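Novice: This one's a deposited entry, sequence included:
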Amino acid sequence: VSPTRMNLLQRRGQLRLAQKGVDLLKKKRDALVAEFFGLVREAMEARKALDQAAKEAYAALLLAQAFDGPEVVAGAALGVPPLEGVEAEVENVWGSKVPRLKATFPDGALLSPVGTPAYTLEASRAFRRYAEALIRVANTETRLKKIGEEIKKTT
Amino acid sequence: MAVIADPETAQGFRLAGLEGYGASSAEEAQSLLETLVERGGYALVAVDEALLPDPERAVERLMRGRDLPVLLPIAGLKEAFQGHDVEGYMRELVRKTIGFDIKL
Amino acid sequence: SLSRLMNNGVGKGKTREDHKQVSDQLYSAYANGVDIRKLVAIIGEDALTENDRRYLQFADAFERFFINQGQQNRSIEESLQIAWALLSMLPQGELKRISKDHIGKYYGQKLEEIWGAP
Amino acid sequence: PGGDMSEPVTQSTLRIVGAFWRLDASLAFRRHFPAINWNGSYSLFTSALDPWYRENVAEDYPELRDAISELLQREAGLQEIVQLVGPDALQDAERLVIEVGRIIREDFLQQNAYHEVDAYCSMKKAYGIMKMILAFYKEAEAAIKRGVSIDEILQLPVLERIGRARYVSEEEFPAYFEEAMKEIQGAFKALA
Amino acid sequence: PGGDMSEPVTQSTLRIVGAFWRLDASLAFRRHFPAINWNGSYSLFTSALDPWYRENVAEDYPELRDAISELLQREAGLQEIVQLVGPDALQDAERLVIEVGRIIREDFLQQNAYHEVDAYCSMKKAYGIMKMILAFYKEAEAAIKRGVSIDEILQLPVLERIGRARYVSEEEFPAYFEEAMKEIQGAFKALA
């Protein structure tokens, strides 16, 4: 750049703009950290809710295996179709899109939906609640793992 | 969606509708996970904490090409009954995310 | 803008007794509002807190009414009345620069009585 | 000499003239003539000429001119952030201002001195173009609040209609303006 | 005029002076007076005055002063972590040293000149205040590892006695000094 007074004024204007940009980016980083410190608490709560859900699902599954025997469960379990209506939508978070997961399989599609075996029905009930509660943990963690990289980029 | 865990709870997840698989060692779980990853389809995989503490480390190069697949660590059968405190997971995750490791 | 001899001409027995603290509060609130107005362009109005939105509206109301006076002739009492009418947009308790006695005497007047002829 | 505005002749002239049309070399490089630097230009005759404009052009012409200048100022303000974090980090309400400023710069301010029609422009033609631009902006500002994303608004065919109103002849303009005004209204009501 | 100390008169003065009491405008905005920047100021007369200090004021004065300066230096090293995360999320010992630095600043470095009795301070008063501050800091640091009422340490009634020594008369100073020291003893030794 050739040394002139006009160039000197232009360079000082550039310096002022850079300082203002730094001051604005620090506020953006502070806001991101403020959101992060609540998202981490939500993830922590969901993680310990999933523990109890998993434990009371496993207890029911073990009791169904023990008392009713493997054959009562396997009367339907040998031909259970898997879940296939998996939702793969996206949702924006601070200029980036993250997915949310959901399934839409019906209830009575499997063979013999009647609850004649009590423990086999209770295991499916607890596992259904488990599956419906897992998506909270999934969504909260995948949002947290992206806020954590937005903060890093800003820094 | 699929899950890799102990064989007893794996068939329970199969009853619940997930393509569960039984395993008890890290190598077979990692091999089956990377076998499931390569094909397009379901992007959600759940692994017990006794098989793969870091699911991203196994597919770290496939994840660099696409961050879409979701891998979620989870508690095992024996881990659930003995229980734990989930604060250690948060304490590790804060170091993983912001590095300062400190969270009172 | 700045005046260095300001503190000697204001107070009790000359103009009104609440002048200096009102000026300081207006300065600080405008200083917050102008920065929030540029943070909005990045993060949007949805991610703000409620008091930040109060400041964002206060800055626009300030520029609309206190500065843009046109060819009007305002006495000091009218200017102080408008200054207190702008500060009533902010909730009581955020006014850290003003004593409780002055707030208990001048806060709360609506801007609607001057809204008909700004 | 060397484009230095601190030259004694320039500063001597700057203190006695009523209008000042500063030119830019950067705009002349990219062939954006007349290359008037809007930031560094001023005119002191704006206020005294208002009674003539109301009588001879239109009753609301100064309001349209002030709206255009305000939009240009807002666009100039936002360009500090685009240099910092890129244009894709802005919200839709600011992307709309950026695109409207670009439309104004490319369509209204730009003029060709060697073209058959674009060389001369009367006052009412400029008034019509300003009215069309402001009508489009007011439609888009309300359409944003209906949840419509900006990246599909810019694909409307009426963008080409506005951008080529320069080359319309003076006697053909009163029909082109009335057709484009109805097209603006018809384009946005069926958007979403 | 430029704010920076590269101004030619300042550069010429800096080479022939022993003490350099830089002021800062930002500390004036916080209304902390005097506005001395303790990170930029320096003095070259400490070592020569040290033999006078220990033979007249107290034998433990230089070490106590160095402890105060070291504690002020430690708190300045944590200002980065406060900028990312809130002070509440910081560690208990880090919060302890931050609160000790805040107490040291607001009750030792503050002297209002317009105020009638805040404008003067002797040497014995300063020595007593530093001694009380160091005793409180050491006992609270031990009591944190004691593991009882670790959050209620920050609200002990001793902190009132620390602030009370700022305004005690010189003639009444030894009695309040004994009161504060024995209050520190009766609090930290016998609370739990």
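Specialist: Sure, I can see it. Residues are numbered from 1 along each chain as shown, chains lettered A, B, ... in the order given.
Novice: going forward, measure contacts and count neighbours with C-alpha atoms only.
Specialist: OK.
Novice: gap between the residue in chain D positioned nearest to chain E and residue A:103?
Specialist: Residue nearest to chain E within chain D: residue D:85 (20.3 Å; C-alpha to the nearest C-alpha). Residue D:85 sits at a distance of 38 Å from residue A:103 (criterion: C-alpha to C-alpha, to the nearest Å).
Novice: circling back: what separates the residue of chain D closest to chain E from residue C:41, distance-wise?
Specialist: Going from residue D:85 to residue C:41 by C-alpha to C-alpha gives 12 Å.
Novice: Which of these two has more residues huddled nearby?
Specialist: With neighbours defined as other C-alpha atoms under 10 Å in any protein chain shown, residue D:85 and residue C:41 compare such that residue C:41 has more, 17 against 13.
Novice: Please identify the helix or strand for that one.
Specialist: helix C:19-43 (DSSP states H and E).
Novice: Could you report the separation of the residue of chain D closest to chain E from residue A:28?
Specialist: For residue D:85, the distance to residue A:28 equals 12 Å [C-alpha to C-alpha].
Novice: show me what contacts the closest residue to chain C within chain B?
Specialist: Residue of chain B nearest chain C, by C-alpha to the nearest C-alpha: residue B:98 (21.1 Å). Applying C-alpha atoms under 8 Å, 6 or more residues apart in numbering or on different chains to residue B:98 gives the contacts A:148, A:151-152.
Novice: What's the end-to-end length of stretch D:19-35?
Specialist: OK, stretch D:19-35 end separation, C-alpha to C-alpha: 16 Å.
Novice: May I see the buried residues of it?
Specialist: Neighbour-count burial for stretch D:19-35 flags D:23-24, D:32-33, D:35 (criterion: 16 or more other C-alpha atoms under 10 Å in any protein chain shown).
Novice: and the nearest residue to residue A:128 once chain neighbours are set aside, backbone torsions?
Specialist: Spatial nearest neighbour of residue A:128, excluding adjacent residues (C-alpha to C-alpha, 6 or more residues apart in numbering or on different chains): residue B:16 at 6.7 Å. Note on residue B:16: its backbone torsions stand at phi -70, psi -20 [degrees, to the nearest 10].
Novice: Relative to chain B, which of the contacts of residue B:98 is nearest.
Specialist: Distance to chain B across the contacts of residue B:98 (C-alpha to the nearest C-alpha) is lowest for residue A:148, with 5.2 Å.
Novice: In a helix, that closest one, correct?
Specialist: Yes - assessed with DSSP: H, G, I helix; E, B strand; the rest coil, residue A:148 lies in a helix.
Novice: Quick check: it touching residue B:95?
Specialist: No - using C-alpha atoms under 8 Å, residue A:148 is not in contact with residue B:95; the gap is 10.4 Å.
Novice: Those two: which is more packed in?
Specialist: Set residue A:148 next to residue B:95 and count neighbours by other C-alpha under 10 Å: residue A:148 wins out with 18 against 13.
Novice: which residues touch the more buried one?
Specialist: By C-alpha under 8 Å, 6+ apart, the residues touching residue A:148 are A:36, B:97-98.
Novice: residue contacts, the residue in chain C positioned nearest to chain D?
Specialist: Nearest residue of chain C to chain D (C-alpha to the nearest C-alpha) works out as residue C:42 at 5.7 Å. Residues near residue C:42 by C-alpha under 8 Å, 6+ apart: D:89-91.
Novice: for those residues, which one is nearest chain C?
Specialist: Nearest to chain C among the contacts of residue C:42: residue D:90, at 5.7 Å, using C-alpha to the nearest C-alpha.
Novice: contacting residues for that closest one?
Specialist: Neighbour list for residue D:90: C:41-42 [criterion: C-alpha under 8 Å, 6+ apart].
Novice: Show me the helices in the chain, by range?
Specialist: Let's take chain A. For chain A, the helices defined by DSSP state H cover A:5-66, A:69-77, A:118-154.
Novice: not what I meant, chain D
Specialist: D:8-14, D:25-29, D:50-56, D:61-85, D:92-104, D:123-145, D:150-153, D:158-163, D:173-189.
Novice: what about the second one and chain A, any contact?
Specialist: No - on the criterion C-alpha under 8 Å from any C-alpha of the partner chain, helix D:25-29 is out of touch with chain A, staying 13.4 Å away.
Novice: Summarise which helices and strands that helix is packed against.
Specialist: Contact here means 3 or more C-alpha pairs under 8 Å, 6 or more residues apart in numbering or on different chains; DSSP states H and E; on that basis helix D:25-29 packs against no helix or strand.
Novice: Tell me which residues are up against that helix.
Specialist: By C-alpha under 8 Å, 6+ apart, the list of residues contacting helix D:25-29 reads D:33-36.
Novice: would you list those in TSV and tack on distance to residue D:188?
Specialist: As requested, those are arranged in TSV below (distance: C-alpha to C-alpha, whole Å):
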residue	distance to residue D:188
D:33	32
D:34	33
D:35	33
D:36	33
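Novice: need the residues of chain C near chain D, please.
Specialist: C:41-44.
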